[PDB]
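Report on one structure; see the data block that follows.
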Amino acid sequence: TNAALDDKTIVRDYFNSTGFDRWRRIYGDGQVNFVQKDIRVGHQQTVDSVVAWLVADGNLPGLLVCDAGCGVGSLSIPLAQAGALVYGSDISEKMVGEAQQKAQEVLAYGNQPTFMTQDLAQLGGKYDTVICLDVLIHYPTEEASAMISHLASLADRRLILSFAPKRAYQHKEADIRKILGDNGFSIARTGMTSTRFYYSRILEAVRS
Ligand SMILES: C[S@@+](CC[C@H](N)C(=O)[O-])C[C@H]1O[C@@H](n2cnc3c(N)ncnc32)[C@H](O)[C@@H]1O
C-alpha cells in the first residue's frame with residue numbers, strides 16, 4: 001500500500017467529489033460567497049480574454065482546438081459557439097458529464113464540442129491550437145513541465161496556457177517560458193487576470 005496517492009489521482013478524486021459541487025457552482029449560476037464570486041468573475045475574464053484572442057485572428061470557424069482540462073466547458077462552449085471544432089477533455093468524469101449537459105442545453109444539435117474523460121498526458125492526435133487554462137495550478141513545476149511538453153507535442157501551431165505566477169502551486173513565468181522554449185515555442189500575446197482572490201497569467205505560445 002502506498003503512503004500517498006499520486007497527484008493526478010488526488011486531483012481527479014477531488015473533482016469527482018466535493019470539488020465538483022464547489023466548482024460547478026463557481027463556474028455556474030447561483031449564490032456564492034464573496035471569495036467564490038471573485039473567483040467566478042476572474043475566471044470569466046480569463047475565458048473571455050482567450051476567446052477574444054481567437055476571435056480576433058479571424059480564423060476560428062473550423063479551427064481544430066484541444067481544450068485540455070476543460071472542466072464544465074467554460075471555454076469549450078463559447079469557442080464552439082464561435083465555430084471552432086473543439087475537442088475538450090478532463091480527468092474528471094463528473095466535470096466532463098456536466099460540460100456535455102451544459103453544451104447540449106445551449107447548443108442542441110449544432111456545433112457541439114466533443115467531450116472525453118481522459119488525463120491530458122494521455123491525449124493523442126494533432127491540433128492547430130491546444131489550450132490549458134487553470135489546470136497547471138494543481139501540479140508542481142516538474143510535473144507541469146512534463147504536462148506542457150506533452151501538450152506541445154499535440155500542437156501544430158499554438159499552445160495557450162494560464163497559471164498562477166510565483167494543493168495549489170504557483171509557477172515562475174521564467175520557468176514556464178523556458179519549458180515552452182525548450183519545446184520549440186515562442187511567446188506571442190500575453191494576458192493577466194488580477195482580482196482579489198484570483199490571479200491568472202495567460203501566455204500564447206506559437207511554434208517557431
Ligand atoms: C480549475 S478547473 C479549470 C477548468 C477549465 N480549464 C476552465 O478554465 O474553465 C481544473 C480542471 O482541470 C482538471 N484536471 C486536473 N488535472 C488534469 C489532468 N491531469 N488531465 C486533464 N484534466 C485535469 C480538473 O478535473 C478540473 O476540472
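By convention in this document, the chains of the C-alpha cells carry letters A, B, ... by their order, each chain's residues are numbered from 1, and ligands are numbered from 1 in the order they are shown.
Residues of stretch 84-166 of chain A that DSSP, applied to the backbone, places in alpha helix (DSSP H): residues 93, 94, 95, 96, 97, 98, 99, 100, 101, 102, 103, 104, 105, 106, 107, 141, 142, 143, 144, 145, 146, 147, 148, 149, 150, 151, 152, 153 and 154 of chain A.
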- Within 9 Å of ligand 1, counting only C-alpha atoms and all ligand atoms, which protein or nucleic acid residues do you find, written as a ChimeraX atom specification? /A:7-9,11-16,19-20,23,27,43-44,46-47,67-76,89-96,117-123,131-139,147,162
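Of note, atom CA of residue A:65 and atom CA of residue A:127 are spaced 5.9 Å apart.
Counting from atom CA of residue A:154, the distance to atom CA of residue A:114 is 16.6 Å.
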Any chance you could tabulate, as CSV, the residues of stretch 26-65 of chain A at most 12 Å from stretch 171-189 of chain A with each one's nearest atom pair and distance in Å to one decimal, using only C-alpha atoms, in chain and rising number order?
```
residue,atom,partner,partner_atom,distance
A:49,CA,A:189,CA,10.8
A:50,CA,A:189,CA,10.1
A:52,CA,A:189,CA,11.6
A:53,CA,A:189,CA,8.4
A:54,CA,A:189,CA,10.9
A:56,CA,A:189,CA,11.8
A:57,CA,A:189,CA,11.6
```
- Message: I want to know what sits within 6 Å of residue A:62, based on only C-alpha atoms, with residues of the same chain fewer than 3 positions away left out; could you give that as a PyMOL selection string?
- Response: chain A and resi 83-85
Could the residues in this selection be written to a file with C-alpha atoms, as an mmCIF file, in the first residue's frame?
```
data_model
loop_
_atom_site.group_PDB
_atom_site.id
_atom_site.type_symbol
_atom_site.label_atom_id
_atom_site.label_comp_id
_atom_site.auth_asym_id
_atom_site.auth_seq_id
_atom_site.Cartn_x
_atom_site.Cartn_y
_atom_site.Cartn_z
ATOM 1 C CA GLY A 83 -17.494 27.983 -34.918
ATOM 2 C CA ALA A 84 -14.388 26.182 -33.647
ATOM 3 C CA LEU A 85 -14.072 22.408 -33.831
#
```
- Query: Which residue out of A:129, A:1, A:170, A:145 has the minimum interatomic distance to residue A:201 when only C-alpha atoms are used?
  - Reply: A:170
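Take atom CA of residue A:110 and atom CA of residue A:126: the distance between them is 23.4 Å.
Of the listed residues A:140, A:113, A:124, A:61, the one whose atoms come nearest to residue A:88 is A:113, with distances taken using only C-alpha atoms.
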- Message: If you run DSSP on the backbone here, which positions in stretch 13-206 of chain A get strand (DSSP E or B)? Please write them as a PyMOL selection string.
- Response: chain A and resi 64-68+85-90+114-117+127-132+155-163+165+171+185-194+199-206
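Minimum distance to residue A:55 across A:161, A:10, A:146, A:80 (counting only C-alpha atoms) occurs at A:80.
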